[PDB]
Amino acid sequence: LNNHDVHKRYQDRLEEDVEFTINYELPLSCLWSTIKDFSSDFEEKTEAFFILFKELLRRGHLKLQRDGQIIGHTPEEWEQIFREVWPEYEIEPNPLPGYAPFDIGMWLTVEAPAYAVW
């Protein structure tokens, strides 16, 4: 059964999310923000993120770059590239205790394999 249920539940809202977001120039951190209400569970959110990310790549306005140069990949490859380095947890604690953690929004803003460009 794995994650099939989660995929089914996300596919119920995919078209809605795409028709809202396809309209804007959103960085990946902002796509993450748009699916955060899907679930409180990090792995479920991660699954929703990738479903929306691949679909936006498929439609063609979302392109990705690193170091100012556009990089070409299939939606499937992009998903494999981001999963390979995806944070183990939604937050990483500050090595100085009690200080602000690093979150997945931040990771997508400064430690991602690639960045949205138009």
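Numbers follow the displayed sequence, beginning with 1.
Visitor: Going by the B-factors listed in the PDB entry, is the mean over the C-alpha atoms higher for 44 to 52 or for 60 to 68?
Guide: So the stretch with the higher mean C-alpha B-factor is 60 to 68.
Visitor: Comparing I35 with the other modelled residues of its chain, is its CA B-factor in the lowest, middle or highest third?
Guide: Its C-alpha B-factor belongs to the middle third of this chain's values.
Visitor: Could you say whether, by C-alpha temperature factor, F102 belongs to the lowest, middle or highest third of its chain?
Guide: Within its chain, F102 is a highest-third residue by C-alpha B-factor, going by the deposited values.
Visitor: Using the B-factor values recorded in the entry, state whether the Cα atom of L14 falls in the lowest, middle or highest third among the modelled residues of its chain.
Guide: Its C-alpha B-factor, which the entry lists for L14, ranks in the middle third among residues of this chain.
Visitor: Once the chain's modelled residues are ordered by C-alpha B factor and cut into thirds, is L96 in the lowest, middle or highest one?
Guide: Ranked within chain, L96 CA B lands in the lowest tercile.
Visitor: Please place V6 in the lowest, middle or highest third of its chain by C-alpha B factor as given in the entry.
Guide: CA B-factor rank for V6: lowest third.
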